[PDB]
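Form deposited without the named molecule, single chain, as structure tokens, below.
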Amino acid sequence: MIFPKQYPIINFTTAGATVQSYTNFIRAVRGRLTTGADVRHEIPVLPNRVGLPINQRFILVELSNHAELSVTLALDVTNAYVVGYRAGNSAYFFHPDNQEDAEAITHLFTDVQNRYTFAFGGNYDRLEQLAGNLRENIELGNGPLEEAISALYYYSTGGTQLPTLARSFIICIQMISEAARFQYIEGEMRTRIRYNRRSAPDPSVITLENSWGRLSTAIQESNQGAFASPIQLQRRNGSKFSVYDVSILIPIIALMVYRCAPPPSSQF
């Protein structure tokens, strides 16, 4: 007996990765995260957690290595968060935020021999504390991802120190979840992969990561696209960039988290 259906799996390898293979991967992850039910100002909205059936709650991302290793991350479709991962006979899950998330995570990697829930959550602030470094000091790119896949794979066996496991999650979340959320961050990772040059994310990337929920809510609560209150982001060089409307964000944000219902007047 195997419980009805099965979450979707998207594969990516860092071995010989190119801009095109990375673009294909991120497009595929977006396609499994969204349903097409909810698009506002041309920007797709992730499924609403309220009423979402457990059989539609996750996607799997199977990462492989030039080292020939594989780990599978589980993403929550409601927010694209990595909630845990499987390496061979062990799975690890971040500490759940609430009871409903704790139950949901029992539906993942159900026949793994060994199941662990970390005592810590998987938010960036907690993972930065564990890593002993901020996102701004952690290089991203294909080399970092290849290294992170091996670090997650060896964690079971004591090969990987906790600070290196936290830094590995930080790499994976930005190169998969944040790239799915933001075409701008997908483009930043494509640049690092094209030239095979790792580099830490600049303030444009960090301020978008830090503002995804505020931007989703500003767009969803806007009056015909116009924000009641501007949001300040940073350009590459750190200078302030004020966002007053959804229009400037159409090339930048690919997916929003559900924040409010769309008022009458739009997907019809």
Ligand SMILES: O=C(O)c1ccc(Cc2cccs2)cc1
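Definition used throughout: the rigid core is the maximal C-alpha set that superposes within 1.5 Å between two forms. Residues that one form lacks are left out of the comparison. Throughout, we count residues from 1 along the sequence that is shown.
Separately, the form solved in complex with the named molecule exists; it is not shown, and the next lines address it.
Transferring the named molecule from its position in the bound PDB entry by superimposing the C-alphas around the site leaves no ligand atom within 2.4 angstroms of any backbone or C-beta atom here, which marks the site as open.
By the criterion of a heavy atom within 4.5 Å, residue 255 is excluded from the residues contacting the named molecule in the bound PDB entry. When the named molecule is considered in the bound PDB entry, residue 184 lines it closely, a heavy atom lying within 4.5 Å. With a 4.5 Å cutoff on heavy atoms, residue 204 counts as touching the named molecule in the bound PDB entry. In the bound PDB entry, at least one heavy atom of residue 248 sits within 4.5 Å of a heavy atom of the named molecule. Taking the named molecule as positioned in the bound PDB entry, the residues of 224-259 that bring a heavy atom within 4.5 Å of it are, in sequence order, 234, 235, 236, 241, 248, 252. Just one of 48, 35, 232, 56 moves its Cα by 2 Å or more between the shown form and the other one on a rigid core overlay, and this residue is 35.
The gap between the Cα atoms of residue 36 and residue 97 is smaller in the bound PDB entry, by no less than 3 Å, than in this form. With a change of no less than 3 Å, the CA-CA distance between residue 40 and residue 252 is larger in the bound PDB entry than in the form shown.
Comparing the forms between the shown form and the other one on their core, residues 35-37, 39-41, 261-263 form runs of at least three in a row where every Cα shifts 2 Å or more.
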